[PDB]
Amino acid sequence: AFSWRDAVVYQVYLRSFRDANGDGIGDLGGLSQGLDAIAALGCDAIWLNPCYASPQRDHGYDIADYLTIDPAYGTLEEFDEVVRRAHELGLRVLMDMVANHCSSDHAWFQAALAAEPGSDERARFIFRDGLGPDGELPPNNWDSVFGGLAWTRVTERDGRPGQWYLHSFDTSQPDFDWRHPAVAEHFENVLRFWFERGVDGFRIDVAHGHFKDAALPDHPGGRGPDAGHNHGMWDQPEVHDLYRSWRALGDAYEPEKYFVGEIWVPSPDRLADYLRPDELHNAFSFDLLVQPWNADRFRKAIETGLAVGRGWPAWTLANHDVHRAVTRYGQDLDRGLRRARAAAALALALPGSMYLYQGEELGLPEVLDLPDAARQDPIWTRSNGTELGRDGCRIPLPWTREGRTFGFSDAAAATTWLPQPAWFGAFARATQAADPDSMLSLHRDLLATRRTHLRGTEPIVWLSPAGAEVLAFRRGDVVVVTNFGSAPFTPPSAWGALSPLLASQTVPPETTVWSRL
């Protein structure tokens, strides 16, 4: 019996999952072809990255129409077949809600640009006069998350430069004014539209966004990484009224809809407010995702996640915004794989839910050596090449050792929207499926054993002392040990007699073992 509390969710980055028509862009027809593989892995749900009409300047997170599928991804009819088939395989379906900003191509923003200062069209966004004698300075000192000014100046009807608009991310992603009532009205309709098609819930992009301080005050810390968190730009009290309204909307359905927030705030007190019983069901536990390979750092991040997350956090070790775990833990392919295997086996034993990013079950490394001309992330161009960006974790997946695109399609290599390295076939899904010791087989074994032997009602009971290189805990009749160090480890007899259930490779170095007690 399905429970969001314990769900294992497969994150589908549709552009790079599977390409059914051979134009190099992953699509809904390709996801249909691969749903069997996701269900056979043992997942409970899928989360689709944004597949709405988008000019792709931020690869789907710049949305030009929230009620339509992008034609490069398919049709509404193909979408409905994805949902029907996913449901038939026992999978729930989460879509991505991107309501902090839209594409500059969106009809509302085209209207704002064509209207005059102070118009209702501009009042749905954040337009301000510039500073300086000719308005040539930005209205405040905020940085775009992607680098540069968070403001872009527009041209007015008489052809002169005029007001600026705010964009927390790319220049082509203007931020909504969430104090304008039409904004909330539009997005309640977006929720109801997709829920009517059987979508089971939403992952909320930039859940710490939407509302800014009404004064848009300068960040007193300056610009750049050492300025610290910009308290006026994020995480405002009004956002909890928003999430109370969305939760009430989703709770009208049977079963109730599900919301998981993408929240990046420094304070655990601020994070916990998003998780009150009448707001969001969960939020990603990012503390663990950002830790290096270190027993003390892992345990502290786990303790932090359990204490705010009311006992059942949404764990994740990778997503479409960060380097793949094999690369993060390699500091070396052999070392990164061993640690990624142990980390996957540890996180899938934690109480709560787990989000698996496509390709992590294959142990793919990050592709850091892309040619300059191949990169497409706005971070790459906005930083003048000083920040690589995220393309290395978005490479089209290998499905078979054979084929010019390794089974991502039947097409030529030059079609794929990002290039696959010639060695990607070494990580092919079909190869790993035939190998019981593969990363794919480890994930299959983990999900089967987790379902058989663990219950979400069993909390962690720590067995190891704080500070040790060996992390150990009990849940119910299962004992989990992760040896982060270089020395083998014999569990002490006081923990009880142990019978092994699985292992990511005595507890050998850099290995996770599940045992029955």
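One-based numbering along the sequence shown.
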**OP:** Quick one: classify how much of the deposited chain lacks coordinates between residue 505 and residue 506, choosing none, 1 to 3, 4 to 9, or 10 or more.
**Re:** 4 to 9
Original post:
Relative to the deposited sequence, how many residues with no modelled coordinates occur between residue 110 and residue 111 (none, 1 to 3, 4 to 9, 10 or more)?
Top reply: none
Original post:
Mean C-alpha B-factor higher for 71 to 79, or for 291 to 299?
Top reply: 291 to 299
Original post:
As stated in the PDB record, which stretch has the larger average Cα B-factor, 193 to 201 or 367 to 375?
Top reply: 367 to 375
Original post:
Hey, out of 330, 396, 209, 139, whose CA B-factor is highest in the deposited coordinates?
Top reply: 330
Original post:
Of the choices 53, 460, 31, 468, which one's C-alpha carries the largest B-factor in the record?
Top reply: 468
Original post:
Going by what the PDB entry lists, where does residue 222 fall on CA B-factor within its chain: lowest, middle or highest third?
Top reply: middle
Subject >> Within-chain third of residue 430 by Cα B-factor, per the entry >> reply: middle
Subject >> Third of the chain, ranked by Cα B-factor, where residue 26 sits >> reply: lowest
Original post:
With respect to C-alpha B-factor, does residue 256 fall in the lowest, middle or highest third of the chain as deposited?
Top reply: lowest
Subject >> CA B-factor placement of residue 387, once the chain's modelled residues are sorted into thirds >> reply: highest
